[PDB]
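Here is how the chains run, residue by residue.
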Amino acid sequence: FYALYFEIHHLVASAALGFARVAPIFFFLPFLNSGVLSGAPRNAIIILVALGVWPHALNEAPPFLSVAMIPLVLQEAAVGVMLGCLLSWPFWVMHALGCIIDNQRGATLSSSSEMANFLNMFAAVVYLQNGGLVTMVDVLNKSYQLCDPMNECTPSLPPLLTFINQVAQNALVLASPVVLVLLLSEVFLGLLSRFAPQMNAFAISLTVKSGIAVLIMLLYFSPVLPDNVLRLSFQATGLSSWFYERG
Amino acid sequence: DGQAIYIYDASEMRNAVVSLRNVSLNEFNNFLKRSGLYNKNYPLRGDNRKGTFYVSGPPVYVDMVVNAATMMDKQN
Amino acid sequence: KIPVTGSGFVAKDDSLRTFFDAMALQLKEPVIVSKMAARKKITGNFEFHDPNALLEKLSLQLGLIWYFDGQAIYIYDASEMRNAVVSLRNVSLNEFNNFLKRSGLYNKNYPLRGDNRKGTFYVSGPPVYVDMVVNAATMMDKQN
Amino acid sequence: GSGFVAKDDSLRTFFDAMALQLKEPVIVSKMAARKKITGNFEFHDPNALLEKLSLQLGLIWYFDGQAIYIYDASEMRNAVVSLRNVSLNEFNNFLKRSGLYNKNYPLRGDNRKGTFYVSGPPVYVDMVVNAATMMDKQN
Amino acid sequence: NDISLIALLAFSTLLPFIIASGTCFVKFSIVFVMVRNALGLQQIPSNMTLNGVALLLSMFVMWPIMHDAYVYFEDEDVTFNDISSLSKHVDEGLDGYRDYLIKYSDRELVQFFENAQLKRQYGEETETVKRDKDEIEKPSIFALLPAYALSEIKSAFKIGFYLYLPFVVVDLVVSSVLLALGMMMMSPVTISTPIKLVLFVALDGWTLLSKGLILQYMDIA
Amino acid sequence: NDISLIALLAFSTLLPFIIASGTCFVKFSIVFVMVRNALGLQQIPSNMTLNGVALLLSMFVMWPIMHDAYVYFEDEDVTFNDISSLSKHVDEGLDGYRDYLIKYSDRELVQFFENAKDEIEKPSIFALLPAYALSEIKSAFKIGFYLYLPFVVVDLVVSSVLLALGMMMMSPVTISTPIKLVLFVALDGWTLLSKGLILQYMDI
Amino acid sequence: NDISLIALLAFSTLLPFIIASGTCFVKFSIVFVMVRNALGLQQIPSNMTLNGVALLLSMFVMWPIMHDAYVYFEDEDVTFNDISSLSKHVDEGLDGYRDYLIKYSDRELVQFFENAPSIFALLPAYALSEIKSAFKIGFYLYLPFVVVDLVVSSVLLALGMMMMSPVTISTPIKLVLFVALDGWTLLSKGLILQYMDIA
Amino acid sequence: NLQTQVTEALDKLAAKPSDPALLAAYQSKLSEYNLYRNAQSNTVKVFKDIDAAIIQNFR
Amino acid sequence: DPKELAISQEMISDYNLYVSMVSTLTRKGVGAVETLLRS
Amino acid sequence: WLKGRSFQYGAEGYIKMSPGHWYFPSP
Amino acid sequence: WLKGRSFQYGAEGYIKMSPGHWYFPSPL
Amino acid sequence: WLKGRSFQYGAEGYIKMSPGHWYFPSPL
Amino acid sequence: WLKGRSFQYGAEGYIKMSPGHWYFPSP
């Protein structure tokens, strides 16, 4: 009767590496971070999620045994923060969208935000409704199919170096139409300041831009914004292009 | 069984083999014939003068035959 | 509403429990299909006129083992067959085979392999057949 | 008149199709269920086709009387056992009459002794060791 | 008989992590941190008491489910005579909890874990199961509560977006009326905080959201 | 007596959650923090020394309820031959807490929890403890808006006199926070809101 | 035996500060937020991304050194007769990390922190040198953003457009042509080539 | 290998359970094996407990 | 049994220490990434 | 009705509308 | 894909059914 | 025909739709 | 079909399309 104790004992060892893979996704996601989740039932969730997705069979012995453990943890954390920064893609570009629309109208010039929080919650909910967690779990179920440990897979550096502009060119074209109307309105006001010199048209610019920045985005908020949210969601088929095993 | 009709699904049928130390099968089967619990669909498979047999059926019939057989070895 | 002239069962992606319960009227006994043997599927036009001969052929084409103990028909898949070896201190194998033949649980497809006058033999078959043979063998030595 | 047309099967789908021409069901293990096969086969003499395929593919098989167990060749185990008050000749006469005598994997040992050596599939070795140790306790 | 006490004490030790994952305490706790965060209050109302008020509603709903376990398991005829009937008895004891997981969990998220566990179990050759299992077959107890806890995080964030909306409509018009004047160098959250508190106390969101959550599980009269 | 030793320990280990949820400590500990957030202070004075004085302030008006359960349960008639008469006797002890809770809880909400007059029978103790805590957090929010309100005016008036001059790029938090607290010490608002907070429950 | 467990556990507790002060995470973290401050938009690209990328890149430099430490330390032939003979062997395990650290630091603080080579003399000289290396690369990235605002505020003085704010006009112009030159993939890979043979 | 020379002295007393010298030597064997076995059990126990104390301190 | 229980006596305890060691390193492992992302 | 359904025809006909649903028509 | 013909399978091989109006729709 | 499916032709035929799925059309 | 494949030629000819995949062609 020794194997009954060993079956739960190989499991509780296997879930520790399962925790180390999937823990830095629960920090990155907007509907799962420590700001939205408490401390007491958090660590219950993160263990049994990795227990339901662990690729090898549970009763078998894990191949972790004294190969190289401290660098193995830095492997599984590095692929975990890689999966976090890929999964938090459409929330990052949407939160970057709201920061531009907040910044152009004034209202942020105390440096030299609530509106950008509003789009980030909105694209969190509209991502969460249709499907959502089924594709959020599927990419970490495929990551164990292509990055099984004792094989030293890495986040594949030469396509990582275009990651910042990959979200930047999705940020600027999404913030395209409202900064053009705010900018054309400013120089249209400036020609009136050239036609009447002591107008102080800088003061009027704060009064009129906040109405324009919500009005022009009201025309394309409904039919145009929420489909780009589903388009920018990272899907599991592209998981091969971001990783490779080393032997 | 004479008072109600029990209905189970087919995947709940259980079976058992029980040994009578000092009572024959032909006497216990006459106890069931005299009581009224004899069901000809699920009879008692075994040798006619022995102590071991094989019974199978619904759980209210198996748990009655086993309990009424181990409560007839303790009386003898 | 159901226009076909003859008699038969038409299965469209049936899952081996709804298929054998439809055969459970031509066979006059209820059928118990196991849990691992219910994940396989079958589709096509079938007909039953001697199902004890049809069940033997489909248990070899699909890969199954079956057993009929007088009240029901148990069906398992092929990877659930288990084996056992037991020793009898004071009864023979030919004495135990007369108990199985006279009672009615003797199965000629899965016979008992052993020496004719000894205590040891080798039994193998369906999981409801083995745990009965072992339990009656260890319940006759303690009686004698 | 017969035959299987294999297109990338997995050696458990395949050998169950031969379980009608062989009159017994076939049980393939899970380490020997990863190898694959393609090709047009023809089941006209299966007891020589299974023997030829088990040596080209690399397999071990054992038929006890009810089924055909198939393992891969890297699972063969061996054991040495000693009988106190019975010799090798009555245990081999027990297997010749019990039908468990396999001429491909016989028993290696001295003809009148207690110690011998056995190796084969894990259903043959686990039967032979338990049957050998269950006669000495009876004697 | 003696090891039934070992099974009882071992069930007893793992109890509050079951309340951490299995019950509906996860719906109340998240939305109560969200109504704290949306108001902008950080430390207050001192979430040690907010765990307690969120716990008492969940116990208030969970009590009829857990009470039938006592009367079912304090039966003097727990001990059977066969090994499979005794394992059948704990299944039909656990069925009242299990169909509760079935009612409130997601369909496809539960359905994903059986296909994910089977290919781990046997291998890729196992064929996938579809929706049509639902009429006859029951899933395992360890493939439910992951997909349950994710579905309840989805529903709690679904609730949390909606009452987050009527505060940011306030927080944009205050940041616009301050820029209607030349008051650009001014922190608008210190003017927004009173009228954020009024829009919750005049609306009285506590005493109708608290009734709303009990209406999402149980009914009245 | 031996089972009562359990319940006597079970009150004591559960005290920092019942005192966390079933008394006016939640109202004192909540208003004492938003007065700091009203003044624009972050870590001054603490979260410890504000909870200490809020604990003692809540311990005044709460002690006589806790005191009567002692003198009621010291009496010699705890030996009863009946099960239900002892169940009545412990029901007769908790009426000091029940009459405290019904005074400050809402009758409609406790009727809602009762579904899932009051003179013939008292409603159950688990049916109204969240209704009490949910009524206190609402009333503390409502009183929290009121004393928040006059400091908005000093926050606005100096920003308007700075915008009246040309100096628009000037942070007014370094000037309003001096004017914020002199409004709170010339009022001497600390010694008077603790007075009316005590007078809200305990009469003079 | 068990005394090895204390050191191999204390490395995990002290790891968040060896990353904070001993490695190239110092150089990587600074120049990203510095060129974000060059553009003037303080919450795009939302600094959790900048710390997400610069951690993975600083992981890639330290990772062969970490594997090289325990490849050598896996050899259990460390026990000997002399107390210092086992002591020199543990120094041989640390020269793999030390050779990274002696390469970038100058020869002025390292002997200054040994009279008043040793390992503990090198880390504050390292992080002080890396900060000094971070500023001169941020300055050369700074000047083409202090010429493009200078020309757009000149054209407003060329017209009669003196009284309008120029930062509300110059900041989209500075952002658009910067992403149109694909600069965010340029300065990242221009930094990772310095430390390693990237790709 | 102590259990070997434990297990080699029981059989001559089994064949002759009345020799006074043999049971004196057997008791002289078996009480010393009693002193050996719990000593090894108690000594592995401290090496486990102090190994658990380090992770208890650092967790 | 005195030698078999003794070799299983070490065999339970060292594997229990190994599972606690591998779980404490995972906690300090991901917690170091948490604090470095807060920076 | 019998597009994707499995049914038994002949003397005692029935249509299994689902794995847990039988339909007995009256001819 | 069976262009017109249709069989049923039981216990001996295949039997050719009578020509009728109902046809089995083909999964393939 | 039978585009990628393994089958067992001749007088008792079945097509294998999957590793766990049998189809019994006309004898292939 | 045999470019990077290992195979046996003669009477019993087959092509190993993978380390775990045999192909017995038509005779």
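- Method of determination, as annotated in the archive: cryo-EM, at 3.8 Å resolution.

### Description of the pattern of salt bridges
In a structure, side chains of opposite charge can pair up when their charged atoms sit close to one another.
1) Next: Summed over all chains, the structure comprises 31 salt bridges over all chains.
2) Next: Between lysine 142 of chain A and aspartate 138 of chain A there is a salt bridge, with its nearest N and O atoms 4.0 Å apart. With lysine 142 of chain A and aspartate 138 of chain A both in helix α6 (residues 133–146) and four residues apart, the pair spans about one turn of that helix.
3) Next: On the basis of relative accessible area, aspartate 138 of chain A is assigned to the partly exposed category, the value being 23%.
4) Next: Put simply, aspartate 95 of chain G and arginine 98 of chain G hold a salt bridge, and the shortest N to O gap is 2.4 Å. Here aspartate 95 of chain G and its partner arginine 98 of chain G are both found in helix α4 (residues 83–104), three residues apart, which amounts to about one turn of the helix.
5) Next: A cluster of three or more residues bridged by salt bridges with shared partners is formed by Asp91, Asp95, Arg98, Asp99 and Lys122 of chain F.

### Digging into empty space enclosed by the protein
1) Next: By volume, the largest cavity is sized at about 250 Å³.
2) Next: Looking at the largest cavity, it is lined by 20 residues, and the ones nearest its centre are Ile164, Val167 and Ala168 of chain A together with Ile44 and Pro45 of chain G.
3) Next: Among the elements of the structure, α4 (89–104) and α7 (163–172) of chain A together with α2 (25–39) and α8 (167–180) of chain G are those that each provide at least two residues to the lining of the largest cavity.
4) Next: Counting residues per element, the lining of the largest cavity draws most heavily on α7 of chain A, at six residues.
5) Next: Looking at the lining of the largest cavity residue by residue, the class counts come to 17 nonpolar, two polar and one charged.

### Digging into the packing of α6 of chain A against helix α7 (residues 107–121) of chain E
1) Next: Contact geometry for α6 of chain A and α7 of chain E: axes closest at 10 Å, N-to-C directions at 20 degrees. Between α6 of chain A and α7 of chain E, the crossing angle belongs to the class labelled roughly parallel. Classified by chirality, the crossing of α7 of chain E by α6 of chain A is right-handed. Each of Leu133, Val134, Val137, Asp138 and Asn141 of chain A in α6 of chain A lies in contact with α7 of chain E, whose residues at this interface are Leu109, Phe112 and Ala116 of chain E.

### Side note on the packing of α2 of chain G against helix α6 (residues 123–142) of chain G
Residues and elements named next belong to chain G.
1) Next: The contact between α2 and α6 brings their axes to 9 Å, and the two run at 30 degrees. Here α2 is positioned roughly parallel relative to α6, judged by the angle of their axes. The interaxial crossing formed by α2 with α6 has right-handed handedness. Across from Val26, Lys27, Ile30, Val31, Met34, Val35, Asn37 and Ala38 in α2, the residues of α6 making contact are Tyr126, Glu130, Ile131, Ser133, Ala134, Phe135, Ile137, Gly138, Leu141 and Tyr142.
2) Next: Tallied by class, residues from the contact of α2 with α6 come to 13 nonpolar, three polar and two charged.

### A few points about the interface of chain E and chain C
1) Next: Taken together, the contact between chain E and chain C spans five residues of the former and four residues of the latter.
2) Next: For the pairing of chain E and chain C, the buried interface totals around 390 Å² over both sides, and the portion due to carbon and sulfur atoms is 48%.
3) Next: Sorting the residues of chain E by area buried against chain C places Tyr122, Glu127 and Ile136 of chain E first, and these three jointly supply 72% of that buried surface.
4) Next: The interface formed by chain E and chain C holds one salt bridge in total.
5) Next: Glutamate 127 of chain E is paired through a salt bridge with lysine 41 of chain C; the nearest N and O atoms lie 3.9 Å apart.
6) Next: Applying the counting criterion to the chain E and chain C interface returns zero residue pairs in polar contact.
7) Next: The residue makeup of the side of chain E that touches chain C, split by class, is two nonpolar, one polar and two charged.

### Notes on the sheet that holds strand β3 (residues 52–57) of chain B
Residue and element names in this part refer to chain B.
1) Next: Strands sit in the order β1-β3-β2 across an open sheet of three strands; the sheet is antiparallel. Looking at the sheet topology across the chains shown, the edges are occupied by β1 (14–19) and β2 (45–46).
2) Next: For β1 and β3, the ladder comprises six bridges, and the chain directions are antiparallel. Within the sheet, the bridge partner assigned to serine 19 lies in β3 and is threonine 52.

About the cut-offs
Residues numbered from 1 in each chain as written, not as in the entry; some residues may be left out. Chains lettered and ligands numbered in written order. Part of a larger assembly, values for the part shown. Heavy atoms only, no water. Residues with missing side-chain atoms left out of burial classes, pairs and counts. Salt bridge = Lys/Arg side-chain N within 4 Å of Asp/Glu carboxyl O. Helix = DSSP H or I, 4+ residues; strand = E, 2+ residues; numbered from the N terminus. Buried < 20%, exposed > 50% of the residue type's maximum accessible area, 1.4 Å probe, protein only. 1 Å grid on protein atoms, 1.4 Å probe; cavity = no way out; pocket = protein on both sides within 12 Å on 5 of 7 lines; lining within 4 Å. Points joined across faces, edges and corners; volume = space filled by probe spheres on them. Nonpolar A, V, L, I, M, F, W, Y, C, P; charged D, E, K, R; others polar. Axes fitted to C-alpha atoms, helices over the stretch in contact; angles between N-to-C directions. Parallel < 35°, antiparallel > 145°, perpendicular 65-115°, else oblique. Left-handed = near helix turned anticlockwise from the far one by under 90°. Contact = heavy atoms within 4.5 Å. Buried area = accessible area lost by both parts, 1.4 Å probe. Polar contact = N/O pair within 3.5 Å; in protein donor to acceptor, adjacent residues only side chain to side chain. Pairing = 2+ DSSP bridges.

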